[PDB]
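A.B. asks: Shown below is the structure under consideration.
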Amino acid sequence: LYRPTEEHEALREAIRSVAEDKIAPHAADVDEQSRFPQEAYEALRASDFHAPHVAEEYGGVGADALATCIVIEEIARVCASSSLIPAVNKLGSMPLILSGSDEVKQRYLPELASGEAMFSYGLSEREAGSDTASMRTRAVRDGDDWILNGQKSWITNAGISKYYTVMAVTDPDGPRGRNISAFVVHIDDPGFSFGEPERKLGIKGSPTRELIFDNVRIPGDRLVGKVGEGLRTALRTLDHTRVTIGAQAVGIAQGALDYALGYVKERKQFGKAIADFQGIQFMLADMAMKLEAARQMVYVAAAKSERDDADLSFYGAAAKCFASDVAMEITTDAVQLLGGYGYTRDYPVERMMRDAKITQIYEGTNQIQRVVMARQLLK
Amino acid sequence: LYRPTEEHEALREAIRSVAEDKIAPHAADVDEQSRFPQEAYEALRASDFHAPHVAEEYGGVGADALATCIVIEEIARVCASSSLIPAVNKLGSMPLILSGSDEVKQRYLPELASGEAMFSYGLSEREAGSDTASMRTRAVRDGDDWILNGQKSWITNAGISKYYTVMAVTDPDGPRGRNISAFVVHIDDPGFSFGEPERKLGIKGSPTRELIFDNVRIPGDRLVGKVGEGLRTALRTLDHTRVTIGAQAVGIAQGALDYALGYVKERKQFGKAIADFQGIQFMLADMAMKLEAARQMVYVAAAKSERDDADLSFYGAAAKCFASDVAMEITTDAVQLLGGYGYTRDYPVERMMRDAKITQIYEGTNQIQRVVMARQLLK
Amino acid sequence: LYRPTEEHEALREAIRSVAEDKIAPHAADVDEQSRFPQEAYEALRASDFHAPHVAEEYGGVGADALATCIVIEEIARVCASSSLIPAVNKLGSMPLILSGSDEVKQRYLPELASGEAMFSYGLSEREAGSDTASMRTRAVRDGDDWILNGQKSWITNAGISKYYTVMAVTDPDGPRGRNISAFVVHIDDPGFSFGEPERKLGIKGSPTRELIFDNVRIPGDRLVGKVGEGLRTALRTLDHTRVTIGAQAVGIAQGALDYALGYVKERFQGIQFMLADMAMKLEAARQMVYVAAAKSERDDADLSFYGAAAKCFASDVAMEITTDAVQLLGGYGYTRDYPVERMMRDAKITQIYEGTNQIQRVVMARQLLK
Amino acid sequence: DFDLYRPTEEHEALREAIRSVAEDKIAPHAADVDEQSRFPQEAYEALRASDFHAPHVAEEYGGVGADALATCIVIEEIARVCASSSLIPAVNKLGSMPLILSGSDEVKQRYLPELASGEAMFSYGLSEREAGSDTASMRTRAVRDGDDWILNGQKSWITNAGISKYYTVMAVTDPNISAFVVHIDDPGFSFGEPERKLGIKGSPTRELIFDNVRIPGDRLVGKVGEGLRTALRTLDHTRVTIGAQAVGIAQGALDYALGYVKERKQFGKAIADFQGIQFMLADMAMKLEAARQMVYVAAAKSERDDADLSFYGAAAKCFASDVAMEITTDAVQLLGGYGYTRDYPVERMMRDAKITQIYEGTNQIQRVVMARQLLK
């Protein structure tokens with residue numbers, strides 16, 4: 001009751017030690033250079049932790065939603081950019097799971113579950129970032145095939161994901177929400193290009209790239225879901241990926257709190273370990289307490305996500321909004337807690353603050369989460 | 001997972017229905033003339049919700065600790081004062097459960113479980129509230145009986161509860177925290193008097209009285225647990241009722257967010273429903289998100305209060321501190337959202353605000369909670 | 001420079017003694033029985049702080065807006081209900097000052113300034129509370145007079161004020177906000193009655209009653225500036241009384257923190273940090289109110305913004321501080337035996353009346369995106 | 001017409017002055033300053049050309065002698081566009097305060113003209129590895145070698161170091177402490193490796209290491225053994241400059257935020273027609289302006305050196321810094337994905353803001369000073 005199965009905890013100790021071993025040192029370096037955490041990718045893949053959400057049918061680990069966030073958490077605790085790997089894979093493969101045809105699922109999800117390829121997910125566009133219902137990217141038919149044209153931006157793991165679940169308008173004059181569909185674009189696919197990797201505040205490692213569609217023709221079997229169903233797919237994909245982002249935020253903050261506690265037990269200003277100043281003790285109390293509320297809520301919403309509960313819209317958004325807020329609130333405090341040392345790149349709290357910010361921004365800025373929560377409350 | 005069981009959800013639905021009609025309408029009156037929730041206690045007892053935690057063995061409903069919290073929540077949601085009936089009942093009976101001898105337990109718990117008698121719990125002392133190992137209340141052993149002297153303060157439901165698990169030193173030189181034992185005082189015991197009931201900011205209904213012991217002869221069977229081990233028992237009980245006060249805070253806040261939501265959809269300023277202004281929407285979003293986190297952590301800590309988990313103290317402190325703090329923010333916003341109306345007692349939210357304040361204060365002020373947490377963090 | 005003139009501080013020691021000595025002990029009762037701060041009113045009157053804003057021209061104290069705010073603060077420091085007397089007097093006289101012809105100013109301001117009469121201000125309406133530009137209290141001209149029919153609500157200090165600058169729409173047609181004018185209704189004036197005093201969370205002392213107008217025959221000399229300007233005048237006065245509500249909040253917070261600090265001396269670093277946050281927020285709120293108050297007196301361009309900005313922040317701060325004040329005093333802080341309970345309840349309203357901090361944030365936003 | 005609670009008209013002329021100096025000369029370089037972690041040299045050149053390298057220096061010594069509001073306003077209006085660039089007047093006042101507050105007319109004369117002219121920059125060595133905040137327990141020793149002194153030890157966290165010219169470092173004489181202008185060229189005086197910082201990446205934060213640095217006896221600043229009464233004063237007076245730094249960073253962030261939200265449209269309406277973004281900008285502007293005004297009250301209070309200058313100083317830095325963080329965070333939030341990228345400054349202003357909360361007495365230390373000034 002109100003706890004992960006102890007199974008989840010064995011899973012956690014696993015992914016935790018994978019994170020402590022193969023991710024952490026590489027996290028500091030990943031961030032500095034803003035290059036992909038490849039070591040993280042081969043270590044997650046080597047431990048079959050790269051995309052544990054995939055079903056058993058395709059060779060996945062079959063992770064529970066709570067189990068899936070646990071992985072994303074335990075990674076973000078040490079490296080936010082790497083933490084995106086199973087998180088972006090769940091995000092980009094979710095339209096393919098929740099609505100994909102059996103043939104398309106069997107095509108694509110086994111290569112992920114195996115580790116051949118990572119997914120990215122192209123929904124946002126620069127002239128309609130949060131207003132995903134009124135996008136510009138275009139899927140016109142051409143024979144059996146599909147021509148995509150247009151813009152996707154803020155696409156995570158771009159350049160590295162092989163597969164890109166794009167959402168493009170199929171019938172530009174139908175009832176909003178029924179004119180958009182999802183198509184798995186490959187890196188192969190001619191005319192599909194990437195934009196410059198963005199110069200990011202945090203997640204500097206995991207590339208956030210614009211991806212351009214210049215008459216990208218693609219077979220008909222890469223339609224995922226039916227036609228027009230792309231927004232009804234994207235909504236349930238948000239519904240489920242919000243909680244992954246919540247867990248990522250919880251994780252970023254957890255790593256920050258861990259360095260905070262360690263540093264306060266080691267260092268001694270005014271003769272004593274700063275850990276024992278009641279001020280700092282209050283600060284750690286708020287950090288730990290907020291973090292634990294955010295954790296429990298992302299976990300509740302994950303329970304809401306595998307059980308596919310009714311109010312998953314609300315709690316998912318809320319868990320994402322709060323966890324991210326908490327992450328900022330905590331990681332900033334963590335930086336504050338290490339004083340001068342904290343704003344040094346030698347210690348991870350700096351990176352962790354820079355990293356936590358996107359949890360408040362990307363996958364729908366928490367203002368959108370508040371819009372969603374409000375619309376859900378007025379029912 | 002992260003589900004109150006269908007058992008609990010039905011239980012929730014039950015106690016909610018009892019709160020709505022049988023308790024809520026009286027809530028304004030209970031608070032106003034600062035009177036005990038007689039209607040509420042009556043209705044809870046007739047419905048087995050007055051102290052549902054009590055063991056089956058002694059005729060209680062055998063309520064899960066989570067379920068107990070759920071009841072205190074749903075009661076508090078409409079009337080905070082009334083929720084102390086099950087809350088202070090769990091508080092006062094818990095030392096009698098956690099350490100009580102089979103006999104004394106079977107003496108008192110039936111009286112409670114049926115609804116004949118109420119419990120209060122005397123541990124804190126006017127002088128050194130948080131340094132409980134240094135309490136002045138002594139019980140001197142005299143024959144089989146004891147003679148009590150001392151000063152419990154801040155003791156909720158006094159004057160109205162009949163049996164009082166008071167904690168007294170039984171060694172002015174015995175060892176710290178092992179020099180104290182627990183005694184069930186009756187409302188009948190000579191020399192046992194109450195102070196004038198405190199004039200409280202909120203929870204005005206439930207009486208907060210001083211406890212005076214003037215050479216109170218109490219029989220020898222009133223000892224619960226060993227002599228000396230009462231402190232360990234008291235600290236464990238603290239760990240467990242922390243979470244029920246947390247649930248109460250969540251409840252007070254839930255009432256605020258409910259009445260606010262209602263008032264917001266219907267009432268109109270500038271001619272569209274004020275819930276159309278995205279600002280009020282953000283505010284309501286934050287209220288709901290904070291509140292839901294506070295709720296989920298109250299529930300997690302309730303689970304840990306059943307399993308007697310290690311970090312039960314930490315998670316309970318966190319649940320109380322967060323639920324209460326969050327409640328304060330929310331009920332304050334609740335007053336805000338109803339504007340001029342919310343400032344009047346015609347609407348309850350103002351009362352709910354006064355009530356959230358005490359949850360930040362009694363049952364271990366959130367500062368003390370933050371200390372407890374910071375202490376578990378610095379293991 | 002960036003400090004009260006030494007005579008503002010001379011004014012502070014004066015009203016501080018008046019508040020600590022004459023207002024403070026009764027404040028607890030003022031709140032307890034939810035009755036008017038009579039002791040406070042007669043003592044503020046005895047000390048010329050019941051309405052020090054009035055020009056000396058009418059026998060007032062001639063206080064600059066900064067001074068008015070400081071008075072309101074030193075009163076709110078001990079009694080918010082009491083702190084509203086000078087505050088609601090400046091509020092109710094402000095339309096009467098800012099635009100009234102010297103006729104009505106000379107008829108009203110001396111009787112206020114001296115302390116015969118208190119003012120309240122009828123702008124807020126239940127139906128169109130936040131949208132004051134679309135209010136529904138009607139006043140049609142009957143010969144030289146006007147007739148009033150309508151319903152002002154949440155009129156603070158309403159039960160006891162004599163003179164009431166109530167603002168009514170005179171011409172429904174035309175641009176709402178340019179069709180509103182203000183007229184001072186008397187307590188004895190025929191047909192004008194009050195509702196039942198609101199049972200309030202805090203400031204219970206200062207009575208807020210509805211104002212109902214049942215065909216009140218008001219003379220034509222009750223005109224407060226040219227017909228139709230009333231909304232121009234009303235947002236003009238809000239511009240100034242925002243800053244006084246800020247000052248009130250600063251005071252309420254101050255009192256909360258004062259009992260907090262005192263209590264902390266009486267009975268570790270965590271509580272120190274909490275007190276530091278309290279005091280620091282408080283002082284930012286105080287300086288923000290004073291910057292704005294000086295900004296009002298010189299009738300600066302951005303008084304719209306700063307009055308809002310100070311009104312919101314001070315009030316917000318008051319709320320956390322008074323809340324935190326209650327927190328520091330622990331169980332004792334949750335009792336009416338100590339005033340911090342009353343002070344928290346008092347501070348809440350500062351976020352609400354005279355434009356909810358939602359409206360304050362909107363007007364602020366508005367000036368930001370001009 | 002009464003100028004109470006408002007910065008004087010001359011301060012305001014100075015403001016559009018320094019604002020134009022920043023917009024027109026500093027602003028374009030801020031992005032590069034942060035990206036490369038290099039000293040804002042162009043900014044220093046235009047500040048020196050415009051009497052802003054340390055305008056606080058007296059007119060007796062050739063500065064403009066600007067009052068604490070004036071110097072603060074410069075630090076703000078500069079930080080408004082580049083935090084690192086704002087450290088120029090800020091770190092110069094920081095390093096010059098011991099030399100002013102207790103320095104002998106000879107020692108004032110040896111150095112303050114080189115600053116006021118714009119030749120040399122000053123930095124200030126008080127904090128250390130072991131006892132930064134506990135100034136009573138440091139371990140950098142000044143031994144009286146003849147009339148002269150031998151210095152050994154390590155100051156840490158020293159802004160503009162390696163690049164600044166004169167270093168008023170403070171050492172214990174008898175284990176208590178005195179202040180000494182160590183020169184860059186002085187024998188054996190070296191710097192540690194510069195920190196790779198979260199923000200203020202332009203302004204170098206370096207260790208100060210001494211292996212038997214001999215410095216003449218006239219390098220003494222103030223009283224021998226009694227620099228400590230000078231050190232708490234330098235704090236008292238310089239918090240407000242770090243605060244104004246915070247206000248400036250914060251104001252800049254709010255400026256880019258407003259610009260973006262008016263320029264950008266979303267869901268078909270401008271993103272600032274959404275009341276959520278509106279309240280958000282309102283909270284930002286009011287916190288911001290409150291922190292600004294308290295910075296100004298504390299600056300005036302550092303001018304006439306009031307009794308409570310400690311509290312009002314600490315609070316203004318602690319609040320302005322905290323508010324700056326709070327604002328820049330929302331600023332990054334407001335520009336969405338665009339705000340997350342370094343192509344827009346809101347991100348840099350956030351990192352710049354995270355330090356105003358930390359250095360030169362972390363707001364936790366600021367709160368301690370406030371709590372002690374409260375129980376007076």
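By order of appearance in the structure tokens: chains A, B, ..., then residues from 1 within every chain, and ligands from 1 in the order shown.
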Write out as an MDAnalysis selection string each polymer residue whose atoms come within 8 Å of residue 290 (chain D), counting only C-alpha atoms; drop sequence neighbours fewer than 2 positions from it.
C.D. replies: (chainID C and resid 284:285 287:288 310) or (chainID D and resid 286:288 292:294)
A.B. asks: Take the residues from that selection and write them out as a PDB file, in the first residue's frame, keeping N, CA, C and O atoms.
C.D. replies:
```pdb
ATOM      1  N   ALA C 284      11.428  45.613   3.117  1.00  0.00           N
ATOM      2  CA  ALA C 284      11.223  45.867   1.697  1.00  0.00           C
ATOM      3  C   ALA C 284       9.816  46.382   1.479  1.00  0.00           C
ATOM      4  O   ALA C 284       9.604  47.337   0.725  1.00  0.00           O
ATOM      5  N   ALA C 285       8.847  45.764   2.157  1.00  0.00           N
ATOM      6  CA  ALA C 285       7.475  46.231   2.075  1.00  0.00           C
ATOM      7  C   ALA C 285       7.345  47.668   2.593  1.00  0.00           C
ATOM      8  O   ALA C 285       6.703  48.509   1.958  1.00  0.00           O
ATOM      9  N   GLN C 287       9.751  50.111   2.848  1.00  0.00           N
ATOM     10  CA  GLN C 287      10.376  51.061   1.937  1.00  0.00           C
ATOM     11  C   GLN C 287       9.581  51.178   0.646  1.00  0.00           C
ATOM     12  O   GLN C 287       9.478  52.266   0.074  1.00  0.00           O
ATOM     13  N   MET C 288       8.957  50.077   0.217  1.00  0.00           N
ATOM     14  CA  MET C 288       8.190  50.061  -1.018  1.00  0.00           C
ATOM     15  C   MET C 288       6.945  50.920  -0.875  1.00  0.00           C
ATOM     16  O   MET C 288       6.624  51.738  -1.754  1.00  0.00           O
ATOM     17  N   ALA C 310       3.290  48.314  -4.128  1.00  0.00           N
ATOM     18  CA  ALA C 310       3.397  48.386  -2.670  1.00  0.00           C
ATOM     19  C   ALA C 310       2.175  47.793  -1.955  1.00  0.00           C
ATOM     20  O   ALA C 310       2.311  47.189  -0.879  1.00  0.00           O
TER      21      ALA C 310
ATOM     22  N   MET D 286       7.105  43.694  -9.029  1.00  0.00           N
ATOM     23  CA  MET D 286       7.009  44.223  -7.673  1.00  0.00           C
ATOM     24  C   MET D 286       8.124  43.679  -6.772  1.00  0.00           C
ATOM     25  O   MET D 286       8.756  44.447  -6.051  1.00  0.00           O
ATOM     26  N   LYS D 287       8.358  42.370  -6.731  1.00  0.00           N
ATOM     27  CA  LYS D 287       9.524  41.936  -5.976  1.00  0.00           C
ATOM     28  C   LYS D 287      10.729  42.743  -6.405  1.00  0.00           C
ATOM     29  O   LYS D 287      11.415  43.334  -5.570  1.00  0.00           O
ATOM     30  N   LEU D 288      10.964  42.806  -7.719  1.00  0.00           N
ATOM     31  CA  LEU D 288      12.105  43.495  -8.307  1.00  0.00           C
ATOM     32  C   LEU D 288      12.229  44.903  -7.805  1.00  0.00           C
ATOM     33  O   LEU D 288      13.304  45.335  -7.380  1.00  0.00           O
ATOM     34  N   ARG D 292      14.910  46.616  -5.398  1.00  0.00           N
ATOM     35  CA  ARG D 292      15.560  47.833  -5.874  1.00  0.00           C
ATOM     36  C   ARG D 292      15.456  48.956  -4.844  1.00  0.00           C
ATOM     37  O   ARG D 292      16.458  49.588  -4.498  1.00  0.00           O
ATOM     38  N   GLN D 293      14.241  49.256  -4.382  1.00  0.00           N
ATOM     39  CA  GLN D 293      14.078  50.340  -3.426  1.00  0.00           C
ATOM     40  C   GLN D 293      14.810  50.057  -2.133  1.00  0.00           C
ATOM     41  O   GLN D 293      15.332  50.985  -1.513  1.00  0.00           O
ATOM     42  N   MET D 294      14.856  48.800  -1.691  1.00  0.00           N
ATOM     43  CA  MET D 294      15.578  48.546  -0.453  1.00  0.00           C
ATOM     44  C   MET D 294      17.068  48.652  -0.671  1.00  0.00           C
ATOM     45  O   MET D 294      17.802  49.051   0.240  1.00  0.00           O
TER      46      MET D 294
END
```
A.B. asks: Please list as a list in words every residue within 8 Å of residue 331 (chain C), counting only C-alpha atoms and excluding residues in the same chain fewer than 4 positions away.
C.D. replies: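 Contacts, in chain order: residues 154, 358, 361 and 362 of chain B; 335 of chain C.
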A.B. asks: Find the residues near residue 157 (chain A): any atom within 8 Å, counting only C-alpha atoms, skip ones fewer than 4 places away on the same chain, and give them as a list in words.
C.D. replies: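 Using only C-alpha atoms, the neighbours found are residues 85, 88, 118, 119, 120, 161, 206, 207, 208 and 209 of chain A.
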A.B. asks: With N, CA, C and O atoms retained, could you export that selection as a PDB file, in the first residue's frame?
C.D. replies:
```pdb
ATOM      1  N   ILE A  85      17.294   9.476 -21.744  1.00  0.00           N
ATOM      2  CA  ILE A  85      17.324   8.333 -22.654  1.00  0.00           C
ATOM      3  C   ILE A  85      16.063   7.495 -22.519  1.00  0.00           C
ATOM      4  O   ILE A  85      15.240   7.518 -23.442  1.00  0.00           O
ATOM      5  N   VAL A  88      13.004   9.973 -23.123  1.00  0.00           N
ATOM      6  CA  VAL A  88      12.639  10.351 -24.480  1.00  0.00           C
ATOM      7  C   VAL A  88      12.200   9.121 -25.256  1.00  0.00           C
ATOM      8  O   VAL A  88      11.321   9.208 -26.111  1.00  0.00           O
ATOM      9  N   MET A 118      17.157   4.788 -30.510  1.00  0.00           N
ATOM     10  CA  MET A 118      16.378   5.616 -29.608  1.00  0.00           C
ATOM     11  C   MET A 118      15.323   6.367 -30.417  1.00  0.00           C
ATOM     12  O   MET A 118      15.525   6.704 -31.586  1.00  0.00           O
ATOM     13  N   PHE A 119      14.223   6.692 -29.760  1.00  0.00           N
ATOM     14  CA  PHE A 119      13.179   7.477 -30.387  1.00  0.00           C
ATOM     15  C   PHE A 119      13.252   8.940 -29.956  1.00  0.00           C
ATOM     16  O   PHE A 119      13.678   9.279 -28.849  1.00  0.00           O
ATOM     17  N   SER A 120      12.842   9.801 -30.871  1.00  0.00           N
ATOM     18  CA  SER A 120      12.518  11.179 -30.598  1.00  0.00           C
ATOM     19  C   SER A 120      11.096  11.382 -31.064  1.00  0.00           C
ATOM     20  O   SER A 120      10.497  10.519 -31.712  1.00  0.00           O
ATOM     21  N   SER A 161      18.689   9.909 -31.931  1.00  0.00           N
ATOM     22  CA  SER A 161      17.575   9.013 -32.161  1.00  0.00           C
ATOM     23  C   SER A 161      17.571   8.651 -33.627  1.00  0.00           C
ATOM     24  O   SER A 161      17.903   9.477 -34.482  1.00  0.00           O
ATOM     25  N   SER A 206      22.314  15.925 -23.704  1.00  0.00           N
ATOM     26  CA  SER A 206      21.280  15.441 -24.607  1.00  0.00           C
ATOM     27  C   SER A 206      20.920  16.508 -25.633  1.00  0.00           C
ATOM     28  O   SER A 206      20.516  17.619 -25.247  1.00  0.00           O
ATOM     29  N   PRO A 207      21.050  16.239 -26.932  1.00  0.00           N
ATOM     30  CA  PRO A 207      20.887  17.324 -27.899  1.00  0.00           C
ATOM     31  C   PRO A 207      19.413  17.686 -28.056  1.00  0.00           C
ATOM     32  O   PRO A 207      18.549  16.824 -28.238  1.00  0.00           O
ATOM     33  N   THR A 208      19.137  18.977 -27.976  1.00  0.00           N
ATOM     34  CA  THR A 208      17.833  19.533 -28.307  1.00  0.00           C
ATOM     35  C   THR A 208      18.070  20.199 -29.653  1.00  0.00           C
ATOM     36  O   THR A 208      18.827  21.177 -29.748  1.00  0.00           O
ATOM     37  N   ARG A 209      17.544  19.583 -30.705  1.00  0.00           N
ATOM     38  CA  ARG A 209      17.749  20.095 -32.045  1.00  0.00           C
ATOM     39  C   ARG A 209      16.419  20.314 -32.732  1.00  0.00           C
ATOM     40  O   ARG A 209      15.481  19.520 -32.602  1.00  0.00           O
TER      41      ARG A 209
END
```
A.B. asks: Just asking: which residues within region 144-278 of chain C are strand (DSSP E) according to DSSP, as an NGL selection string?
C.D. replies: :C and (145-156 or 163-169 or 180-186 or 192-194 or 208-218 or 223-224)
A.B. asks: Hey, list the chain B side of the contact with chain C: 6 Å cut-off, only C-alpha atoms, answer as a ChimeraX atom specification.
C.D. replies: /B:199-201,270,339,343-345,361
A.B. asks: What are the closest atom pairs, with distances in Å to one decimal, for all residues of chain D lying within 6 Å of chain C? Consider only C-alpha atoms, order rows by chain and residue number, and present the result as a Markdown table.
C.D. replies:
```
| residue | atom | partner | partner_atom | distance |
| --- | --- | --- | --- | --- |
| D:1 | CA | C:298 | CA | 5.7 |
| D:4 | CA | C:294 | CA | 5.9 |
| D:5 | CA | C:2 | CA | 4.3 |
| D:278 | CA | C:365 | CA | 5.2 |
| D:279 | CA | C:361 | CA | 5.5 |
| D:282 | CA | C:361 | CA | 5.1 |
| D:286 | CA | C:309 | CA | 5.2 |
| D:290 | CA | C:288 | CA | 5.4 |
| D:294 | CA | C:284 | CA | 5.5 |
| D:297 | CA | C:2 | CA | 5.4 |
| D:315 | CA | C:280 | CA | 5.4 |
| D:367 | CA | C:276 | CA | 5.3 |
| D:370 | CA | C:276 | CA | 5.6 |
| D:371 | CA | C:276 | CA | 5.2 |
```
A.B. asks: Would you tabulate, counting only C-alpha atoms, all residues of chain D that have an atom at most 9 Å from an atom of chain A, showing the closest pair of atoms and their distance in Å to one decimal, sorted by chain then ascending number, as a Markdown table?
C.D. replies:
```
| residue | atom | partner | partner_atom | distance |
| --- | --- | --- | --- | --- |
| D:130 | CA | A:269 | CA | 6.8 |
| D:131 | CA | A:269 | CA | 5.9 |
| D:132 | CA | A:269 | CA | 7.3 |
| D:133 | CA | A:269 | CA | 6.7 |
| D:134 | CA | A:270 | CA | 4.9 |
| D:135 | CA | A:270 | CA | 8.6 |
| D:136 | CA | A:270 | CA | 8.8 |
| D:137 | CA | A:270 | CA | 7.8 |
| D:157 | CA | A:340 | CA | 7.2 |
| D:195 | CA | A:344 | CA | 6.4 |
| D:196 | CA | A:344 | CA | 5.7 |
| D:197 | CA | A:344 | CA | 4.5 |
| D:198 | CA | A:343 | CA | 4.6 |
| D:199 | CA | A:343 | CA | 7.1 |
| D:265 | CA | A:127 | CA | 8.4 |
| D:266 | CA | A:128 | CA | 6.7 |
| D:267 | CA | A:131 | CA | 5.2 |
| D:268 | CA | A:131 | CA | 8.5 |
| D:276 | CA | A:367 | CA | 7.2 |
| D:277 | CA | A:367 | CA | 8.1 |
| D:325 | CA | A:332 | CA | 8.8 |
| D:329 | CA | A:357 | CA | 7.9 |
| D:332 | CA | A:357 | CA | 8.2 |
| D:333 | CA | A:361 | CA | 6.1 |
| D:334 | CA | A:361 | CA | 8.8 |
| D:336 | CA | A:361 | CA | 5.9 |
| D:337 | CA | A:361 | CA | 6.6 |
| D:339 | CA | A:361 | CA | 8.8 |
| D:340 | CA | A:201 | CA | 5.7 |
| D:341 | CA | A:200 | CA | 4.7 |
| D:342 | CA | A:199 | CA | 5.4 |
| D:343 | CA | A:199 | CA | 7.1 |
| D:347 | CA | A:201 | CA | 6.3 |
| D:348 | CA | A:201 | CA | 8.1 |
| D:351 | CA | A:354 | CA | 8.0 |
| D:354 | CA | A:332 | CA | 7.6 |
| D:355 | CA | A:343 | CA | 7.0 |
| D:357 | CA | A:336 | CA | 7.2 |
| D:358 | CA | A:339 | CA | 5.6 |
| D:359 | CA | A:340 | CA | 6.3 |
| D:361 | CA | A:339 | CA | 8.9 |
| D:362 | CA | A:339 | CA | 6.4 |
| D:363 | CA | A:336 | CA | 8.4 |
| D:364 | CA | A:279 | CA | 7.7 |
```
A.B. asks: Which residues of chain A have any atom within 8 Å of an atom in chain B when counting only C-alpha atoms, and what is the closest pair of atoms for each, with the distance in Å to one decimal? Order the rows by chain and rising number and write it as CSV.
C.D. replies:
```
residue,atom,partner,partner_atom,distance
A:1,CA,B:303,CA,6.2
A:2,CA,B:2,CA,4.3
A:3,CA,B:2,CA,6.7
A:4,CA,B:1,CA,7.0
A:261,CA,B:378,CA,7.1
A:265,CA,B:378,CA,7.6
A:275,CA,B:378,CA,7.6
A:278,CA,B:371,CA,7.6
A:281,CA,B:374,CA,5.1
A:282,CA,B:370,CA,5.5
A:284,CA,B:374,CA,6.0
A:285,CA,B:374,CA,5.0
A:286,CA,B:370,CA,7.1
A:288,CA,B:373,CA,7.9
A:289,CA,B:318,CA,5.2
A:290,CA,B:322,CA,7.4
A:292,CA,B:297,CA,7.5
A:293,CA,B:293,CA,5.3
A:294,CA,B:293,CA,6.5
A:296,CA,B:296,CA,6.3
A:297,CA,B:293,CA,5.6
A:299,CA,B:2,CA,7.3
A:300,CA,B:2,CA,5.1
A:303,CA,B:1,CA,5.9
A:315,CA,B:289,CA,7.8
A:318,CA,B:289,CA,5.3
A:319,CA,B:289,CA,7.5
A:322,CA,B:289,CA,6.8
A:367,CA,B:282,CA,7.6
A:370,CA,B:285,CA,5.3
A:371,CA,B:281,CA,6.7
A:373,CA,B:285,CA,5.4
A:374,CA,B:281,CA,5.2
A:377,CA,B:261,CA,7.5
A:378,CA,B:265,CA,7.0
```
A.B. asks: How far apart are chain A and chain B by Cα RMSD after a least-squares superposition over every Cα, paired in order?
C.D. replies: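 The RMSD between chain B and chain A over C-alpha atoms is 0.6 Å.
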A.B. asks: Which residue gives the smallest distance to residue 45 (chain A) among A:28, A:19, A:12, A:116, with only C-alpha atoms counted?
C.D. replies: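 Smallest separation from residue 45 (chain A) among the options: A:116.
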A.B. asks: Looking at D:35, D:9, D:16, D:255, which one is nearest to residue 74 (chain D), with distances taken over only C-alpha atoms?
C.D. replies: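 Counting only C-alpha atoms, the residue closest to residue 74 (chain D) is D:16.
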A.B. asks: What is the distance between CA of residue 14 (chain C) and CA of residue 76 (chain C), in Å to one decimal?
C.D. replies: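 These atoms are spaced 14.5 Å apart.
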A.B. asks: Just give me the gap between CA of residue 18 (chain A) and CA of residue 114 (chain A) in Å, one decimal is fine.
C.D. replies: 17.9 Å
A.B. asks: Provide the CA of residue 301 (chain D) to CA of residue 244 (chain D) distance in Å, to one decimal place.
C.D. replies: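 Atom-to-atom, CA of residue 301 (chain D) to CA of residue 244 (chain D), that is 13.7 Å.
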